[PDB]
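To keep things clear, I will list the structure first and then write my remarks on it.
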Amino acid sequence: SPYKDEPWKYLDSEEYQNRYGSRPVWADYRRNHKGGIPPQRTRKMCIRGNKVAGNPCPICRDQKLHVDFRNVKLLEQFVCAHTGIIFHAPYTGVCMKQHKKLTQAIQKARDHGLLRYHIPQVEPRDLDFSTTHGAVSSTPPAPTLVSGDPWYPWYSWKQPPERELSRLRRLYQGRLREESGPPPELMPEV
Amino acid sequence: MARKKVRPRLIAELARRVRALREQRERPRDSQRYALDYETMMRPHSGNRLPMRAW
Amino acid sequence: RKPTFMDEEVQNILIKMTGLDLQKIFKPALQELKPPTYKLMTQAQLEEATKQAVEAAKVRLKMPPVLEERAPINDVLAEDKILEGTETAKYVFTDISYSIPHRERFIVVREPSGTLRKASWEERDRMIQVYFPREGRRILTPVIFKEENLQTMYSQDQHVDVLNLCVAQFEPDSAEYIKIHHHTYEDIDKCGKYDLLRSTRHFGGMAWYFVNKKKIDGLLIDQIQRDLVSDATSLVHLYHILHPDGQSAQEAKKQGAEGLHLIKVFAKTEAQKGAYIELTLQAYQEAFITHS
Amino acid sequence: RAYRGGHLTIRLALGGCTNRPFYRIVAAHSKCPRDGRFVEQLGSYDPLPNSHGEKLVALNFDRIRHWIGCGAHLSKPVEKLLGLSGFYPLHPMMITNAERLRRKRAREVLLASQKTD
Amino acid sequence: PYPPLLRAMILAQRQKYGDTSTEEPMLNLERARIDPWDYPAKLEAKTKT
Amino acid sequence: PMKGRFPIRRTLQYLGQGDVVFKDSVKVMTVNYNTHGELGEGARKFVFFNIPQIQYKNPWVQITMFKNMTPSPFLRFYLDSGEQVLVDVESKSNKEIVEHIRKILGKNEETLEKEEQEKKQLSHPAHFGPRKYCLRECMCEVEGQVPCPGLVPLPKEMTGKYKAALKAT
Amino acid sequence: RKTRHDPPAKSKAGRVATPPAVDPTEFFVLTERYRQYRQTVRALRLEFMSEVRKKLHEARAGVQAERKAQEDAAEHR
Amino acid sequence: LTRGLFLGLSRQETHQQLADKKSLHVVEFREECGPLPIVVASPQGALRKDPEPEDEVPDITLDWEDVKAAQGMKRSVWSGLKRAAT
RNA sequence: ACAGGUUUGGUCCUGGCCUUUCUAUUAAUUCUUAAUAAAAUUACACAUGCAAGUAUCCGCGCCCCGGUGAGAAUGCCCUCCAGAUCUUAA
Ligand SMILES: [Mg+2]
Ligand SMILES: [Mg+2]
Ligand SMILES: [Mg+2]
Ligand SMILES: [Mg+2]
Ligand SMILES: [Mg+2]
Ligand SMILES: [Mg+2]
Ligand SMILES: [Mg+2]
Ligand SMILES: [Zn+2]
Ligand SMILES: [Zn+2]
């Protein structure tokens, strides 16, 4: 591929018009299989390193076909013009490695406004828009919130009495541990 | 549930009466039930060891 | 008593200036196709099936509510300094109940700093889409709503699809909704593309925005070039409704002009391109009165 | 299935992914398995932070307070989620754990200060 | 005082009914008396009334 | 289908398009009609067409037909309270019987709306589980949350093996 | 798990549980915080029981249920 | 197969021929176009004002294969296979 | 089923078999690394290790989780629920 920057420059070239013309790139491609019904899963990957797997796919046999989200003229060939659904792999004939990339590039071109698709008319989210409810509006702050005290009086750490400390130290003899004062208000960083 | 070919299980109901008779006839008396080996802190009846905080 | 968008005195003008184009409203979309059905109808049964389609096209042309930008939610319910650094991330809690509206849901966030505050507007609708999803909405912001993709969609003349996508994605009282709805209205009149929103459900939105921004110059001449005088006289009437204190509203009252002269009054009082409006009016007069 | 006893309990059913937990806050019998039969699913808890750095916790308060008034027991992480949401008071275990973390920080700052000299 | 979210639930519940009362909601503690763990529990059969 | 005179009445659409839902009191419907005379033509066409449509939407209501017993066709509804609702049909057409029965003992549109609106409440959108009862199985598939490691592999810093390898040294 | 008929292990036969160390100035504040928390959750439980009582009595014999229980029979007659 | 295909394809009834033999407007109701009554063939000549007899129950010769395909009882593994293009 | 091969010197009809599609186990040949899911011959017999503990004694739990598909045409769905358990005065 000489372009390598603009994939659409090959679709409008003369080498595309004398090779494919007004027909899709997969019109003349015929997939060989074992019977009258082809396998539901196409070839996984037809380009393994530098060797081509025999009869290549429509996209893969011509290396100047770049699967990109910019060239919509190549991506519209794999999307139905009437139903707007993407053709499966056994329909066109591309290997699965390129079919997955085609679906990804079609989605990347659809969320960029480059490819047309259905945009339904969706009713608004809510029936009535009332910002007067207390869920979205401000609520009257608590008396402890306007003062700066914790929500419950037992949230803060209160120093226990020495009589209760000794009552615990008498019953839990032998299993004692080192005492710890009030924890710091702000925890320092590393 | 309720089926026409259910079998009249009599042994299962006889064993309930036997176990209910044994519960009151061989009811262990509380004297040997709450006995205690003060050296190993082990109940001679059930075979459980007392917690460490009760020694 | 300010004129609101839900008033019948403005809805009766907007519905009349929207117009009924069945071939545009009931247009074959890009969905799955099915074999159509056929039945033999007489002339009266055909007219009945047509008026049924008109009364269905009314619900198709139901106007979306245009609202003012909502106030940012800044409220703190509790502050627990004990949890200043116990966690790195913030916990988002959502009240889920089928029987309560989405405007009354409690969406709170416990920050890692320890404050239990209410979730912002950008988070409330995101969590509401997370736990009550609707077709057409995305969790993250779609890339298509960027200005370059918007420029590409405006160059492909897909403004109706941009609008039907923005109404589906965002809430009518949000900020990005008003932003994109105004950015598309800044382009459709810059390029004179009012013909795209002719028979869509978005004509009245751009009309009610153009009358609020006093940008009527091209919208008048397009309705004059489209041989539509009954739409322009009602557009100037709705301008006089919206701006009661003004020389254009008072000159028509003091003169007692007809619908055909209500356009000239605005074209002489407060028209920016009044010469172009008057040239279009002369060219419509000298082309209609001779031919018909 | 038929049980001899048990009680209704609001707990977290670890129905999720490998190296990616996801809890379903459901009200089930205490003799039922973790991911087994339940009575009614209340909410869902995502322990991992999303792209916005938020741990999504979802509570059906209208059924939670109903089952609590009907006699449903609560577990420690469920009470922790309720205390972090503010529907229930903060748990004394969360308070003491935060105090212990603060004391660990207060020990590490003095160790890092006495190490430099 | 109620927990913050539950208190805001009442502050938004009574507001929608047209109640302009800004009184602070309180939680009762009369029927919430609990005996300590040292209180011995009865062993007699409880009679269903 | 192909066998029968009117094969259309043996399809799910014809059985589902019949909008006749009895009340919770209706238990038995005894239809008594004749097989001769030009009068009972409407009752014969009712038994031929609408009886399956009523029996499809009322599976618990017993329906019993009696032929050539009384000279005048009629219906007889036996309710739960013991009241017997006698309906005379001598020259009524097929549709008039349906509309008269839906008028005397049926369910209004307002009554039929609230039952399905309450049935809709059972399937909650915010719930998770199998595809049969809920809309989402693995929370991974939410667009914002962490992807599903069966599809996108997790980074190295988040796996338990790497965590237990850092905890080892 | 094991069964009531499964004998205990030989290495667990002569093993008793060992209590951990106790910090008294932390244990006291933890016990008092436990009591102050359980009293509040008990009050909330009683309040929720009262809400369930109100909803059940309403859905059984409310001023809205009696209206329908009368008008249904009126329209029936 | 060829003789029957050509016979059935030659014995078709055009929409114009239907509107001529019924003296009624043949209106096409497309699904994706909503309730829009598209008219495909106009009954040239005397347009009869008498509506056709609206039969409440159509006595059409249904086929069990199409009834099965409409009711979704077609569980065959060869019906929904992915095949090549035309 | 969008079907195809096959009876006969040959044609038509009836009619069976097989092929083409997808999945699971085993076998043969071949084989590089990761992530996820699953591990499935046996109701034949088991060496050995672990799987029910907690607690100031009492007590409470101890096929509950987990395992299997032998028997049973067993059962699916639907009424009534004794009894057991959790909080309360009910
Ligand atoms: Mg797993
Ligand atoms: Mg032969
Ligand atoms: Mg093998
Ligand atoms: Mg014990
Ligand atoms: Mg099992
Ligand atoms: Mg047998
Ligand atoms: Mg019971
Ligand atoms: Zn290929
Ligand atoms: Zn997952």
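Just so it is clear, none of the values below were taken in a lab; they were calculated from the coordinates. Note: ideal-geometry Cβ built from the backbone for every residue, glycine included; neighbour counts use all protein chains shown.
Here are F:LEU105, F:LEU75, F:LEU135: which of them is more than 16 Å from ligand 8 (Cβ to nearest atom), within 14 Å of chain C (Cβ to nearest Cβ) and out of contact with any helix residue (DSSP H, G or I) (no Cβ under 7 Å at 6 or more places or on another chain)?
Only one candidate passes the filter, namely F:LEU135.
Could you tell me whether region F:78-91 includes any residue that is out of contact with any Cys (no Cβ under 8 Å at 6 or more places or on another chain), among the β-branched types (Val, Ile, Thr), at the interface with another protein chain (Cβ under 9 Å from one of its Cβ atoms) and away from RNA strand I (no atom under 16 Å from the Cβ)?
no
Does H:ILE38 satisfy being within 14 Å of chain C (Cβ to nearest Cβ), of a type in the set (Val, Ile, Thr) and in contact with a strand residue (DSSP E or B) (Cβ under 6 Å, 6 or more places away or on another chain)?
Yes, satisfied.
Which one of the conditions (1) more than 8 Å from ligand 8 (Cβ to nearest atom); (2) more than 21 Å from A:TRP8 (Cβ to Cβ); (3) over 22 Å from the mean Cα position of the chain (by Cα) does A:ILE85 fail to meet, given that it meets all the rest?
Going through the list (1) more than 8 Å from ligand 8 (Cβ to nearest atom); (2) more than 21 Å from A:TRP8 (Cβ to Cβ); (3) over 22 Å from the mean Cα position of the chain (by Cα), A:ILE85 breaks only (3).
Collect the residues in region C:180-236 that are in contact with a helix residue (DSSP H, G or I) (Cβ under 7 Å, 6 or more places away or on another chain), farther than 20 Å from C:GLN23 by Cα and outside any helix (DSSP H, G or I), keeping them in residue-number order.
C:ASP189, C:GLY192, C:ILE216
Of everything in region B:11-55 that's polar (S, T, N, Q) and away from chain G (no Cβ under 14 Å), which residue is nearest to ligand 8 (Cβ to nearest atom)?
Top of the filtered list is B:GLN24.
Quick one: how many residues across region D:15-38 are in a strand (DSSP E or B), within 12 Å of chain F (Cβ to nearest Cβ) and more than 7 Å from RNA strand I (Cβ to nearest atom)?
The number of residues fulfilling the criteria is 5.
Please tell me if F:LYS119 is under 40 Å from the mean Cα position of the chain (by Cα) and more than 14 Å from ligand 9 (Cβ to nearest atom).
yes
In region A:23-73, how many residues are within 14 Å of chain H (Cβ to nearest Cβ), among the hydrophobic types (A, V, I, L, M, F, W, C) and within 16 Å of RNA strand I (Cβ to nearest atom)?
Number of matching residues: 3.
The rows are residues; the columns are (1) in contact with a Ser or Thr (Cβ under 7 Å, 6 or more places away or on another chain); (2) acidic (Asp, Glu).
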{"position": "C:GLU176", "(1), (2)": "no, yes"}
{"position": "C:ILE180", "(1), (2)": "no, no"}
{"position": "C:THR184", "(1), (2)": "no, no"}
{"position": "C:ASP189", "(1), (2)": "no, yes"}
{"position": "C:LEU197", "(1), (2)": "no, no"}
{"position": "C:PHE203", "(1), (2)": "yes, no"}
{"position": "C:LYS215", "(1), (2)": "no, no"}
{"position": "C:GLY218", "(1), (2)": "no, no"}
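Would you be able to tell me the number of residues in region D:62-79 that are under 15 Å from the mean Cα position of the chain (by Cα) and assigned to a helix (DSSP H, G or I)?
Qualifying residue count for the region: 5.
So, in region F:52-82, how many residues would count as being under 18 Å from F:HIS100 (Cα atoms) and without any contact (Cβ under 8 Å) to a residue 12 or more places away in the chain?
The total comes to 1.
Within region A:114-152, work out how many residues are assigned to a loop (DSSP other than H, G, I, E, B), β-branched (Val, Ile, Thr) and exposed (fewer than 15 other Cβ atoms within 10 Å of the Cβ).
Adding up the residues that qualify gives 2.
Looking only at region F:130-169, which residues are surrounded by fewer than 16 Cβ atoms within 10 Å (Cβ to Cβ) and charged (D, E, K, R)?
F:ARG131, F:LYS132, F:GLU137, F:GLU141, F:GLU143, F:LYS156, F:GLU157, F:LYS161, F:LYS163, F:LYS167
Based on what the data block shows, is C:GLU32 in contact (Cβ under 8 Å) with a residue 24 or more places away in the chain, surrounded by fewer than 17 Cβ atoms within 10 Å (Cβ to Cβ) and either within 13 Å of chain A (Cβ to nearest Cβ) or basic (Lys, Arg) (or both)?
no
Of the conditions (1) in contact (Cβ under 8 Å) with a residue 40 or more places away in the chain; (2) surrounded by fewer than 16 Cβ atoms within 10 Å (Cβ to Cβ); (3) not hydroxyl-bearing (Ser, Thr, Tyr), C:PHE266 satisfies every one except a single condition; which number is it?
If we test C:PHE266 against (1) in contact (Cβ under 8 Å) with a residue 40 or more places away in the chain; (2) surrounded by fewer than 16 Cβ atoms within 10 Å (Cβ to Cβ); (3) not hydroxyl-bearing (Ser, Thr, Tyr), just (2) comes out false.
Out of region C:112-133, which residues are within 7 Å of another protein chain (Cβ to nearest Cβ) and assigned to a loop (DSSP other than H, G, I, E, B)?
Listed by number, the residues that qualify are C:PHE132, C:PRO133.
Among the residues of region A:148-166, is there at least one that is in contact with a strand residue (DSSP E or B) (Cβ under 9 Å, 6 or more places away or on another chain) and within 16 Å of RNA strand I (Cβ to nearest atom)?
No - not one qualifying residue is present in region A:148-166.
Within the set of pairs 6 or more residues apart or between chains, which connect a residue that is closer than 15 Å to A:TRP157 by Cα and at the interface with chain D (Cβ under 8 Å from one of its Cβ atoms) inside region G:23-41 to a residue that is buried (at least 17 other Cβ atoms within 10 Å of the Cβ) and of a type in the set (A, V, I, L, M) with Cβ atoms less than 7 Å apart?
Cβ pairs passing all conditions: G:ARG33/D:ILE95.
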